[PDB]
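S.K.: Provided hereafter are the protein sequence and its experimental coordinates.
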2 protein chains.
Amino acid sequence: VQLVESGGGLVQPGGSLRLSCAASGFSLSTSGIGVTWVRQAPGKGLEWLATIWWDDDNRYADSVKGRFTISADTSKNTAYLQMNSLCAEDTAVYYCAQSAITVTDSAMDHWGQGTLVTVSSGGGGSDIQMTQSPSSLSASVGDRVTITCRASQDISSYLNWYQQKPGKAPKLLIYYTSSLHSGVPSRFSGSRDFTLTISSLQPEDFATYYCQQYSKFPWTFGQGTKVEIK
Amino acid sequence: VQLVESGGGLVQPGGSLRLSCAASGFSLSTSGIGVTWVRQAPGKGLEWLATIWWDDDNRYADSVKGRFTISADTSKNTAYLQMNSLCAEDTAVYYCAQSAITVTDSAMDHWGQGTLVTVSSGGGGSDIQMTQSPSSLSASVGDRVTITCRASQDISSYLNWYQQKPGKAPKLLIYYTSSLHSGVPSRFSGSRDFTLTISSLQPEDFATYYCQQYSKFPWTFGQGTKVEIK
């Protein structure tokens, strides 16, 4: 009694794929028998996706409802996971498993060996990672604040600074490392490793600040720096 | 000069949506002018999605290639993000922003206020969370090991224990809290809060162990417990 899996590989976002789970040793038509699909993201745990029973009863995980369908072909004694509208979050090793609902026993057994599905459209080159320091900081009105940002590559001076108040859209503070956006108070200044400096903190300046490189696409942001009251 | 945003809301996985960015104060046909879409997952930072320039030049983030398209209608002076094949990972507040490539200046300015897009098909009820303890542990051959698992609700005794060696499929150890799977050594035992006990660790027992409830759908797993050598 075993399940032979087939399919998978690399596929673009929005693409489609089908995985097969060939049942050996038993029959999917048998009463009590179900087939279940489980997936495991790289370096992560297990996540149940769908279960199909002998009586057409089916159950889906919320995140795959409307995207994945589960089925079984009797003539080939094979179970299928039809995966459409694929997204990066679907990158994982996908397992099929045999269920048996034959009053208190329902467990996944005789798993398939699993096959990786990777959803991507990019190359092997890394994107420029931006790191902000610190992630958080405390200050009082009138304080001097300095926030730093660092690029994983030489981005020259193509770096912007944004400010975001809670629940509001971001606002451009400084462009090209040091050029102050017109209408932004001159207490904000940018320098270069990159630093945003507030010379004397004001009540309206408590917010999250972001750096952003435009040296290359994709444009990337730092993780943000929240400046909070004391 | 401002950008008026419209659209968003709740939509099922695999569904489609369109966001509008109405340009006020300037014209998208102007040379040097671009429109950019940025999104911010709840409690997370900013992520660039796509940029459309006056000369039809376009650039996409890798994870939305093949799913999202960016465009602009001149007669309505509006920019559009056509979002198809939507996934849970697309839940975020989506911003449009005005780009200006008019030799070293390219920054997002005059952002729209943003609108939430949530991709979901479920209800307000929480799924049963399983917590394993500890996440990791050290031991030597011959040791006694106990691993615990806890359910966020009363799951009665509908709980299974699995074992996963690196690079291999999971294997059922114990079903219905205490029933030892046939062929599994009796040094493995399960009890009930839930505990998996190994009476005397053997070389083949170094692996990751998972609990799993089947009291309710969706079936949920614990985060796993890696048992590693000393």
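M.R.: Noted; the coordinates are in hand. Numbering: from 1, shown residues only, chains lettered A, B, ... in the order given.
S.K.: I'd guessed residue A:33 sits against residue A:100; true?
M.R.: Yes. Checked against CB atoms under 8 Å, the pair residue A:33 and residue A:100 is within contact range at 6.4 Å. Every residue, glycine included, has its C-beta placed from N, CA and C.
S.K.: can you tell me the closest non-neighbouring residue to the residue most central in space within chain A?
M.R.: Closest to where the C-alpha atoms of chain A average out (CA atoms, centre = their mean) is residue A:89, at 5.3 Å. What sits nearest to residue A:89 in space, not counting adjacent residues and going by CB to CB, 6 or more residues apart in numbering or on different chains, is residue B:89, at 4.5 Å.
S.K.: you'd agree the one you found is in a helix?
M.R.: Yes. The assignment for residue B:89 is a helix, going by DSSP: H, G, I helix; E, B strand; the rest coil.
S.K.: how about it, what does it touch?
M.R.: Under the criterion of CB atoms under 8 Å, 6 or more residues apart in numbering or on different chains, the contact partners of residue B:89 comprise A:87-89, B:63, B:119.
S.K.: and which of those residues is nearest residue B:190?
M.R.: residue A:89 (32.3 Å; CB to CB).
S.K.: distance of that closest one from residue A:96?
M.R.: Per CB to CB, to the nearest Å, residue A:89 is found 20 Å from residue A:96.
S.K.: for residue A:147, name its beta-bridge partners.
M.R.: Residues in a beta bridge with residue A:147, per DSSP bridges, are residue A:196.
S.K.: number of nearby residues for it?
M.R.: Neighbouring residues of residue A:147 were enumerated by other CB atoms under 10 Å in any protein chain shown; the total is 22.
S.K.: now do the one 3 residues further on
M.R.: If you count neighbours by other CB under 10 Å, residue A:150 ends up with 14.
S.K.: how far away is it from chain B?
M.R.: Look at residue A:150 and chain B: by CB to the nearest CB, to the nearest Å, they are 15 Å apart.
S.K.: can you pull the contacts of that residue?
M.R.: A:130-131, A:133, A:193-194.
S.K.: next one: residue A:155
M.R.: The contact partners of residue A:155, taken as CB under 8 Å, 6+ apart, are A:128, A:213, A:215-216.
S.K.: what strand or helix carries residue A:13?
M.R.: No secondary structure element spans residue A:13, as it lies outside all helices and strands (assigned by DSSP states H and E).
S.K.: among the contacts of residue B:89, which one is most surrounded by other residues?
M.R.: The most neighbours of any of those, using other CB under 10 Å, belong to residue A:87, which has 25 neighbours.
S.K.: state the distance from the closest residue to that one other than its chain neighbours to residue A:114.
M.R.: Excluding the flanking residues, the one nearest residue A:87 by CB to CB, 6+ apart is residue B:87, at 3.6 Å. When distances are taken as CB to CB, residue B:87 and residue A:114 turn out to be 21 Å apart.
S.K.: before we move on, which element is the nearest residue to residue A:137 once chain neighbours are set aside in?
M.R.: For residue A:137, ignoring the flanking residues on the chain, the nearest one in space by CB to CB, 6+ apart is residue A:227 at 5.6 Å. Under the criterion of DSSP H and E, residue A:227 resides in strand A:225-229.
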